[PDB]
Asks: 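The structure follows.
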Amino acid sequence: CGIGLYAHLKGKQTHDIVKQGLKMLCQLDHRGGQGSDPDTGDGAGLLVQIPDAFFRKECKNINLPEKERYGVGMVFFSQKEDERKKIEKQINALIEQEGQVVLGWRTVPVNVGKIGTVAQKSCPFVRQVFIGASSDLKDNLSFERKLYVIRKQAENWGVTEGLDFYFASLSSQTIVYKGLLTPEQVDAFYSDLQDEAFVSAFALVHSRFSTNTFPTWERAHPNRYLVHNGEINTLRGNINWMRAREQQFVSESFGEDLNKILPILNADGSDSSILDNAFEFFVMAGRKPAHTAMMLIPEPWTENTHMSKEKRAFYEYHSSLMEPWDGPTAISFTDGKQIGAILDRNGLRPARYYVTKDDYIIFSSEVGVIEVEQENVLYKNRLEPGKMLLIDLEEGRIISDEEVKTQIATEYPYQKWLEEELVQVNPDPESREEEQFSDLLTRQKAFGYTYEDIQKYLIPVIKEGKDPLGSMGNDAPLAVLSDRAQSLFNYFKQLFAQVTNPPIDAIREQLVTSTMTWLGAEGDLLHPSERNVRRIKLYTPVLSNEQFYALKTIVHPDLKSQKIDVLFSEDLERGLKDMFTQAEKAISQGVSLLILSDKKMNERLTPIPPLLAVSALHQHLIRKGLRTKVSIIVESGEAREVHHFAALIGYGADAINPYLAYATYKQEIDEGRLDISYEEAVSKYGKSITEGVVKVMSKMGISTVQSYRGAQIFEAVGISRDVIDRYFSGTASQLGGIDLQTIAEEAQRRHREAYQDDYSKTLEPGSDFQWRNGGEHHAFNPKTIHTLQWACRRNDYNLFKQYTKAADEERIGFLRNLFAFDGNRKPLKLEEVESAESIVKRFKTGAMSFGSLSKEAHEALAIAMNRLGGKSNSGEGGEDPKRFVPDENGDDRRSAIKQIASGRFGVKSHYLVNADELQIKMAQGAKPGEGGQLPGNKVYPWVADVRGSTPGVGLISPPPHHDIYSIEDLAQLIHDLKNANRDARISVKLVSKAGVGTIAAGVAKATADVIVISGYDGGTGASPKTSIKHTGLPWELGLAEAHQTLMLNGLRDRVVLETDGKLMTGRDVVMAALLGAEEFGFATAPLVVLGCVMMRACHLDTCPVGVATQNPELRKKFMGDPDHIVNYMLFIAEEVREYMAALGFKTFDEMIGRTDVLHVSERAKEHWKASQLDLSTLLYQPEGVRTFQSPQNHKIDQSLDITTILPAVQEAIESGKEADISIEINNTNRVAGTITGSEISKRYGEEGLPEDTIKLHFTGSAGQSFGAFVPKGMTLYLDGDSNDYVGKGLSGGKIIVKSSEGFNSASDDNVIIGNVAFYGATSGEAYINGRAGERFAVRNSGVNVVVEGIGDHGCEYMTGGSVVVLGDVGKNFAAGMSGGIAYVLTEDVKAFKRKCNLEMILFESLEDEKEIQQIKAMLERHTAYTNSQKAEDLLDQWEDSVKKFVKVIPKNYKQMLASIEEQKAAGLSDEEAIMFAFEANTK
Amino acid sequence: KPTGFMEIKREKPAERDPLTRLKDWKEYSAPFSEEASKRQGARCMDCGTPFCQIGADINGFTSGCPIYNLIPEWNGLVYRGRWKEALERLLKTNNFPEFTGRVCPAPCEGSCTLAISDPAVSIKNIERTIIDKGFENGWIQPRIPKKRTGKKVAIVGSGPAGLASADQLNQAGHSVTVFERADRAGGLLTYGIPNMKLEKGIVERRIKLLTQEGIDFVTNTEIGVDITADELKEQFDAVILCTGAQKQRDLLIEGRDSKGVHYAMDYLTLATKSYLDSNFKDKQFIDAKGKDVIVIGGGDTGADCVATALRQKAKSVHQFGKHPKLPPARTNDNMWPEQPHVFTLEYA
Ligand SMILES: Cc1cc2nc3c(=O)[nH]c(=O)nc-3n(C[C@H](O)[C@H](O)[C@H](O)COP(=O)(O)OP(=O)(O)OC[C@H]3O[C@@H](n4cnc5c(N)ncnc54)[C@H](O)[C@@H]3O)c2cc1C
Ligand SMILES: Cc1cc2nc3c(=O)[nH]c(=O)nc-3n(C[C@H](O)[C@H](O)[C@H](O)COP(=O)(O)O)c2cc1C
Ligand code: SF4
Ligand code: SF4
Ligand code: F3S
């Protein structure tokens, strides 16, 4: 999988370029995954110029005119011929009507026998049509426009008629050959390519991954204009905005053709296809390709101080008319005479290119793509973020990004337009009116406020400036299942970025985010001038009362406002329709602001659910082409939570005004509490809410509220598909659910009780994150907790039976509780079913970090699992090596499963090898799309030593896996982990959500042994309450979808399915097995057995039972025993055995997948809203295998390490003797050393081997993950270059990379290393002879490196080690730096400081003799091993080099080190000195 | 991150010396001071799923507050110093907190998370302090329900259940009537419960507040021969039955016929009635200052009888009980969620 392009700068056309392009595709094929069979083409394509010579030679009948006056089509047709000639006749008729001449038609030869069975079956008929331009069209742009119009008309006619034909390409300068073909199969299929007449100045190439095993020929790309690598996470919003703007579009170039080309985008197309359609439409509209690319994927201008004034003005101006297309994207577009390449704003994809002395450019994701002559290579560079690589064939030169951007920005006076046309809403200062109602309690009851809600969400927000944290994720039932009336917000769950796109850290990458919002009417997008920026702009969507009043009282005729009371009595549909009519009337009158208000509501008039109202109005205006002319303000009392604000924004709201929350704050201030003033309280609330919304966007990876607003990142749970289509189009609802009448009934009920409420003047206590008598049901209620504890302590069975009965029946807590067994079968005896000893082997204790838990609880769980034969999971906090050896008494504290998270804290070669399963935590239930933060006060020495960090220094776990930016990266990481431990099972832990089945299929293609599905009810030690409650979906839907999709794609037998999330009973285990889960996870219940009483205070480090705290005093109160866990697991297994006997099932494999045994219970039908759910989606059994059989054959064999290195290194490792060997390496050799490192670690362990014992030289270009998990004793040399992930998880050893001896250019100017390097590294050293890419030393924890320049986000989350940079540094340096030291050599200290992040670092100078000597020795080693001219010059001028060097060190790190050194000088031992310093600095 | 339960130790409020406490028939305890109440409320952790609120029978014994008191909420309010809000939240559930603050044995204290390996928080004392402060500041006044719909419920019995039902119906808007046999209303509280544990002044004040509300109590009525169920139903829509449980089982053994054996209920009723009427000077009760007292059958009644005898200065007083003595610590089969069954050494 990937993209590439081989081109000649001057425009010389040859066939060797095409041959080389197919060679690059063949080389890149290794990145893609493996499907059902290898022979089937996953998807590939090749774009080239028009082959005039070949066409002239091969036609012999059609009179082809000169180059630019005729065009060539390319059509995929169905095998049927009648419709084929029908479409041909229609196309000819359209061409004649447009006036262009039909030169003729041709049929492309196809070698079907060279293709796989599925692609053979789906192979279409390939026919081209030739168009000749009329004499009237003087310029080629008009001819291209005519062809575009013809193609759009043909596509519209085809979709209207229902015919299935595709226009792969129709242009006068470009031709595309693509399909479900492998790189080797492309040339064989297209016999034309073999002919030498094929000549083109450039050749672009793409190969796909095809997450699902059912791709289509049409969906393959290169598309008509560009190739896109990655994913788009704002697709819904982009589509909606584009279809709203298309109606208002007016262009002179197209004239009346706009009606013909109205659809613009294809609804059923993919993200890449839609992006290509938008790009081509904007190009024909009169915009240059570079301008269109910049407008579609703008650079981050908000919060970015590294951008010039002209560029900032340009991007700010274009943000008023085009929202960003966010996501990881690498785009390469071409228009025949111009070629361009760009990356997304955050630069999350790799792109390296070579420029040769013979005017040839080779650009691709990988670097070792073709064989090149070093003496011929001129430049080895990479595509930097915010930089466009542009080539003009006619001009025969590469146009500088600076020149392109400067020209485009200066072409108009954007800054002057912004300064002049901006409108100010400066409010009056004496109009202050602190609003109070005197019916505050009644309104609070009506909108669902509670004393818990206030005291635990509103006051903490003011106090802390952030959304309050929590623990023990939601155990309460869903809104659709709860008897109590619930708000419509609770029916929608936040989505998140799991795979195919990573999340982002908004705090650390604030320079990439933007909360800017535009209010008003958009101008003429196609022909913009001045009026496009004659609107209001806000930095925060949350509006204070004064701002709301000012907006209402603007009065400006150009900026008019209208207020609509969203209230209803009986007919919600009627209310919505009156709102629609009022909006249309206001728009006709010229209003540009619509203010939906819940105020002026009484017992007779209840407010419409603001989410429903906003969504319905947004959809209606989008359909009618009027949304872009207005903006939506909401004034509702049901808006007090980050989830509420995020839902409103994502479903269409432009601004919100929480007047009732402000009134509550005012009342609290007036009654004595909350001494802070009303104004500061309001401002703090607004800022905190905006930050929470930004975090919610970061969960999915969206960096801009503008895109998030259109995008719908929420999935409904319990809403009818009819209602969804009417008002929430594009949203997912697997089971449908309640209807508009039920929603209105719930709202009316809440309003009526609140308004009557004639007994009490107090708010009822909440039950969302706590249990209250008479409140909402909680699965872990006191009765269940005490019953389970008593049963486990007795080793008694009837108590456990009572606990199981209470947990399962008497309330509806989960979806699975709605199912009942058939009860009409042949019951067997308990002796005819498999034993509990075999059953328990499928159970696990779940991941729980050592820091989050206590040592006693962790070791107890591990001991219980090992004794029972199951598997225990070590969290992201690492593991103690002493636990790998069983105790004398026989108890084993080792964790069978080792977790890999974004932090990579304890990740090491020893840590990985000493395991049976390696899990990859892509997301967890409570905080799927978020990371973590461990304060220094919580970083105790016994935790810091385990995690390889400094005590008292904060630790940050980034949300995303910086390796995993896509499914291909996930596959690469799986391959690296398998290399590290070939005798281990690779697991991937995901969280249930829509599309999780397709993601699981993609994972199986990526060759993951185990797939784990986690429900949103899963626990955690610390997470935001909004993330706990409103993020994720139940594991039932995800498990069912994954099972069905895997069985359909024929991959179920290759993977093992596991589930977790509120598995408390054998009935739950049985239901999971029937849904298709082979393994089950249990985390919370073991804690309750150990003593947890669901205090939900894990994040406070104050557990009274010494379970989730590191305090010795509380740990002394720990009374848990592994025997209780053993008894709990055995009781669960006995329950499963009894259920299997009742159902007549003899084995777990036999029962798995048998959903026919289940039927909807009468309780669900009796329920007034759970009876409207369609559970047939879960009750479905496709034909296929329902159990893991195939062992998921990896590619460990045929690897370089196995073939060459190991056979010549095993004896040396065994004998402990030196051994030096040399190999030639290409990009297909990815890891190249991890297996040897794992063998060394297994033989010896942490001590490894003596330094410079094993020496491995490599010549050429290396693949991804070079030198990963290399322990001490190994020294890798690389003469050439390397790709991303160099030194990943380094556990010692040496890595040296030197430029090829034949490359005479400046290494410090030339790029030699990929983006991510030494991510999660713990120990070792490295020496890089050249520039690196983005995110260099992301999570280094002791590795010392010397590098001649790096990219952006350097030393992001370092906690230890040192970094020496002999060159420039990218922006956002040291973003998250909590430990370690960075030394940078530069001439402009001011520029370096501006580039760096100033939050948590200090700037110093090299004054310490020891530090100076260490740096000098490092440079001496670097120059000895590299022959670096820069290092030699610096050593010669050492006196000036020290003066001009710059030092970066975290404040807390420096203070802790100074305190420890002072205590050591005073004469205190290491442990006691560390403890005293930690206490002093964290008192 | 509160650490009160770690850095604070449980204490008790001012208590009169037992030796001098027998000279007067007054309260045997006092509410917490402001600082002590704040310190004790700091101990509460704002319990996740508070076990001090379940209010249910576990293994045949009640655990938690049966009335679902917002114990963590007013604990936090007391710690923060908000007394009006604490009183309001308390009254949201308990309409007679004054009695419970000095009478309830506090099963909530036993069934609390902090009860494991450490003493529980003085929930009863905090409640008593809150209600006492409210009464002293005069924040408790009749609500005077403006809405009154003609409806009669005619509750029978002046016990706490009767008073609570009367208050709830009156606030709803129904004019109810409470019939009591004895001269003074209050059910067990007025007579059965000793003045020592609960002086009747607060009870009388509560009945005065209820009368101002409009309950319209009527006393000296057995509602038997005096008033018949037929006319009761004819003149009332609902009648309720808050008759309580005063029947006392006896021992069908020989020797229980010699004069000198009287019911504990009758003895306590006579003693308290004489104390209220003429300060035990009318000699219309049983006095054993120079006579030995043997009370058989332990519990609250036995403790009250022993205290009454001690204040009467009986030469010898003894308590008999068949069940074995409780141990000083929880047993293996008795952990925190269950009501503790350990040695108490309560008053008397
Ligand atoms: C610390 C403590 C100590 C306790 N000590 C005792 C104790 O010593 N003795 C004891 O018995 N309980 C004792 N209890 C229990 C408690 O007093 C009772 O459980 C409770 O008060 C009775 O509730 P009630 O609403 O039925 O009140 P009651 O007083 O039982 O309500 C009914 C009242 O109406 C009267 N009545 C009866 N028939 C009629 C009728 N036909 N018409 C009108 N009125 C009628 C009854 O005599 C009674 O006064 C104690 C509890 C605690 C916590
Ligand atoms: C205290 C605690 C800490 C946890 N820590 C992690 C973690 O670090 N990584 C992770 O992937 N899951 C973590 N989990 C989630 C569980 O490991 C497991 O995936 C699942 O969510 C448990 O669901 P359950 O609580 O309903 O049994 C944690 C859960 C708890 C209760
Ligand atoms: S002391 Fe009682 S009320 Fe307070 S947190 Fe503990 S169990 Fe809950
Ligand atoms: S002492 Fe108070 S809070 Fe505790 S159970 Fe008794 S009435 Fe409820
Ligand atoms: S919820 Fe957490 S704080 Fe302790 S009692 Fe349970 S581990």
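For the numbers below, each heavy atom of this structure counts, side chains included, while hydrogens, waters and symmetry mates do not. A, B, ... follow the sequence lines: proteins, then strands. Residue 1 opens every chain.
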Asks: Which pair of non-hydrogen atoms, one from A:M1095 and one from B:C47, has the smallest distance, and what is that distance?
Replies: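 Closest approach of A:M1095 to B:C47: SD-CA, 3.9 Å.
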Asks: For a 4.5 angstrom cut-off between non-hydrogen side-chain atoms, does B:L268 reach B:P194?
Replies: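 No; the side chains remain at least 4.5 Å from each other.
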Asks: Given 3.5 Å as the limit, does a donor-acceptor pair link the side chain of B:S274 with the main chain of B:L270, or not?
Replies: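 The answer is no, because no donor-acceptor pair under 3.5 Å joins these two groups.
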Asks: Tell me whether B:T221 contacts the main-chain N or O of B:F179 through its side chain, where contact means a donor paired with an acceptor under 3.5 Å.
Replies: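 Flag not set: sc B:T221 to bb B:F179 has no pair under 3.5 Å.
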Asks: Would B:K325 count as a cation-pi partner of B:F343, with NZ or CZ less than 6.0 Å from the six-membered ring centre and within 45° of the ring normal?
Replies: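 Yes, a cation-pi geometry.
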Asks: Could you check whether any side-chain heavy atom of B:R16 comes within less than 4.5 Å of a side-chain heavy atom of B:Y28, counting everything from C-beta outward?
Replies: no
Asks: Which donor-acceptor pairs under 3.5 Å do the side chains of residues 101-119 of chain B make with protein atoms, sequence neighbours left out?
Replies:
from, atom 1, to, atom 2, distance (Å)
B:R102, NE, B:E98, O, 2.8
B:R102, NH1, B:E27, OE2, 2.7
B:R102, NH2, B:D132, OD1, 2.9
B:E109, OE1, B:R10, NH2, 2.9
B:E109, OE2, B:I123, N, 3.3
B:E109, OE2, B:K124, N, 3.1
B:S111, OG, B:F51, O, 3.4
B:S111, OG, B:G64, N, 2.8
B:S111, OG, B:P107, O, 2.9
B:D118, OD2, A:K1117, NZ, 3.2

Asks: Within the distance-only criterion (no hydrogens, no angle test), does the side chain of B:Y191 pair as donor or acceptor with the backbone N or O of B:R184 below 3.5 angstrom?
Replies: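 Side chain of B:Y191 to backbone of B:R184: a pair is present.
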Asks: Using only heavy-atom distances, determine whether the side chains of B:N334 and B:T331 contain a donor-acceptor pair under 3.5 Å.
Replies: no
Asks: Partners of B:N75 by side chain to side chain donor-acceptor pair (under 3.5 Å), sequence neighbours excluded?
Replies: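 Here no residue qualifies.
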Asks: Keeping the roles fixed (side chain from B:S165, backbone from B:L163), state whether a donor-acceptor pair exists under 3.5 Å.
Replies: no
Asks: If the condition is side chain to side chain contact (heavy atoms under 4.5 Å, CB included), which residues does B:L19 pass it with, not counting sequence neighbours?
Replies: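 B:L19 satisfies side chain to side chain contact (heavy atoms under 4.5 Å, CB included) with B:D17 only.
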Asks: If you round to the nearest 0.5 Å, how far is CZ of B:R128 from OG1 of B:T100?
Replies: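 B:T100 OG1 to B:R128 CZ: 10.5 Å, rounded to 0.5 Å.
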Asks: Which heavy atom in B:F285 sits nearest to a heavy atom in B:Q312, and how many Å separate them?
Replies: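 In this case the closest contact between B:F285 and B:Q312 is CE1-NE2, 3.8 Å.
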Asks: Can B:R311 be said to sit on top of B:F280's aromatic six-ring, NZ or CZ under 6.0 Å from centre and within 45° of the ring axis?
Replies: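 No, B:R311 and B:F280 do not form such a contact.
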Asks: Residues in side chain to side chain contact (heavy atoms under 4.5 Å, CB included) with B:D237, at least two apart?
Replies: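 Listed in chain order: B:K151, B:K152.
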Asks: Who are the side chain to side chain contact (heavy atoms under 4.5 Å, CB included) partners of A:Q802, not counting sequence neighbours?
Replies: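 Listed in chain order: A:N798, A:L799.
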Asks: So B:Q168 and A:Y759, do their side chains get closer than 4.5 Å, heavy atoms only?
Replies: yes
Asks: Residues in ring pair (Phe, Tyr, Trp, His ring centres under 6.0 Å) with B:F61, at least two apart?
Replies: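 So B:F61 forms a ring pair (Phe, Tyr, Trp, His ring centres under 6.0 Å) with B:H341.
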Asks: Using 30° and 60° as the class boundaries, would you call the ring planes of B:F320 and B:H318 parallel, tilted or perpendicular?
Replies: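 Rings of B:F320 and B:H318: tilted, as their planes differ by 30° to 60°.
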Asks: Can B:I140 and B:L87 be said to form a side chain to side chain contact (heavy atoms under 4.5 Å, CB included), step by step?
Replies: CA-CA 9 Å; B:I140 292 136; B:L87 180 74; 4.3 Å; yes
Asks: Take B:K273 and B:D282, measure what side chain to side chain contact (heavy atoms under 4.5 Å, CB included) needs, and give me the verdict at the end.
Replies: CA-CA 10 Å; B:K273 224 193 192 323; B:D282 57 20; over 6 Å; no
Asks: Between the main-chain N or O of B:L189 and the side-chain N or O of B:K200, is there a donor-acceptor pair closer than 3.5 Å?
Replies: yes
Asks: If you round to the nearest 0.5 Å, how far is CD of B:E204 from CG of B:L276?
Replies: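 Spacing of CG (B:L276) from CD (B:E204) equals 6.5 Å.
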Asks: Report the distance from atom CD1 of B:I131 to atom CG of B:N94, rounding to the nearest 0.5 Å.
Replies: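 It comes to 8.5 Å.
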Asks: With sequence neighbours left out, write down each residue that passes side chain to side chain contact (heavy atoms under 4.5 Å, CB included) with B:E231, or none if nothing qualifies.
Replies: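 Counting only residues at least two positions away or on another chain, B:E231 forms a side chain to side chain contact (heavy atoms under 4.5 Å, CB included) with B:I227, B:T228, B:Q235.
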Asks: Closest approach of B:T269 and B:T272, non-hydrogen atoms and distance?
Replies: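 Minimum heavy-atom separation between B:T269 and B:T272: O-CG2, 3.1 Å.
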Asks: Rounded to the nearest 0.5 Å, how far does CD of A:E1166 lie from CZ of A:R1163?
Replies: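 Those atoms lie 8.5 Å apart.
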Asks: For B:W139, does its backbone N or O pair with a side-chain atom of B:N137 as donor and acceptor, under 3.5 Å?
Replies: no
Asks: Does some side-chain heavy atom of A:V1093 sit less than 4.5 Å from a side-chain heavy atom of A:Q789?
Replies: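 Result yes, sub-4.5 Å side-chain heavy-atom pair found.
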Asks: Using modelled atom types and a 3.5 Å cut-off, is there a donor and acceptor pairing between side-chain atoms of B:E346 and backbone atoms of B:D300?
Replies: no
Asks: Test of understanding: with ring pair (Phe, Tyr, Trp, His ring centres under 6.0 Å), list the residues that count as partners of A:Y451, not counting sequence neighbours.
Replies: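 Listed in chain order: nothing, the list is empty.
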Asks: Could you tell me whether B:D167 and B:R143 make a salt bridge, using a distance below 4.0 angstrom between a side-chain N and a carboxylate O?
Replies: yes
Asks: For A:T762 and B:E88, what are the C-alpha separation, side-chain angles and deciding distance, and is it a side chain to side chain contact (heavy atoms under 4.5 Å, CB included)?
Replies: CA-CA 8 Å; A:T762 49; B:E88 141 175 59; 3.0 Å; yes
Asks: Got B:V203 and B:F99 here, is their nearest side-chain heavy-atom distance under 4.5 Å?
Replies: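 In short, these two side chains touch, coming nearer than 4.5 Å.
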Asks: Less than 4.5 Å apart, any side-chain heavy atom of B:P340 and any of B:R330?
Replies: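 Heavy-atom side-chain distance check passes, below 4.5 Å.
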Asks: Is it true that a side-chain atom of B:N195 and a backbone atom of B:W25 form a donor plus acceptor pair closer than 3.5 Å?
Replies: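 Judged by distance alone, yes, a pair lies under 3.5 Å.
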Asks: Return yes if some donor-acceptor pair links the side-chain N/O of B:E199 with the main-chain N/O of B:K26 below 3.5 Å, else return no.
Replies: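 Judged by distance alone, no pair lies under 3.5 Å.
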Asks: Which pair of heavy atoms, one from B:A348 and one from B:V306, lies closest together, and at what distance?
Replies: O-CG1, 3.2 Å
Asks: For B:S175, give me all partners under side chain to side chain donor-acceptor pair (under 3.5 Å), at least two apart in sequence or on another chain.
Replies: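 None.
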Asks: Considering only distance and modelled atom types, tabulate donor-acceptor pairs under 3.5 Å from the side chains of residues 239-251 of chain B, sequence neighbours left out.
Replies:
from, atom 1, to, atom 2, distance (Å)
B:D250, OD1, B:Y263, OH, 3.1
B:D250, OD2, B:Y263, OH, 3.0

Asks: For B:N220, look at atom CG and say whether over 12 heavy atoms of other residues, nucleotides or ligands are found less than 6.0 Å away.
Replies: yes
Asks: To the nearest 0.5 Å, how far apart are OH in B:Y347 and CE in B:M196?
Replies: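 With rounding to 0.5 Å, OH (B:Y347) is 5.5 Å from CE (B:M196).
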Asks: Return the CD1 to OG1 distance between B:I155 and B:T177, rounded to the nearest 0.5 Å.
Replies: 7.5 Å
Asks: Taking only residues two or more places apart in sequence or in another chain, which ones pass side chain to side chain donor-acceptor pair (under 3.5 Å) with A:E776?
Replies: A:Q486
Asks: Are A:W771 and B:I54 side-chain neighbours, meaning at least one heavy-atom pair lies under 4.5 Å?
Replies: yes
Asks: So does B:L209 get a backbone contact from the side chain of B:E213, meaning a donor-acceptor N/O pair under 3.5 Å?
Replies: no
Asks: Which heavy-atom pair separates B:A309 from B:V317 by the least distance, and what is that distance?
Replies: CB-CG2, 4.1 Å
Asks: Partners of B:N69 by side chain to side chain donor-acceptor pair (under 3.5 Å), sequence neighbours excluded?
Replies: B:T93, B:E127
Asks: Please report the shortest heavy-atom distance between B:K92 and A:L763, naming the atom on each side.
Replies: CE-O, 4.0 Å
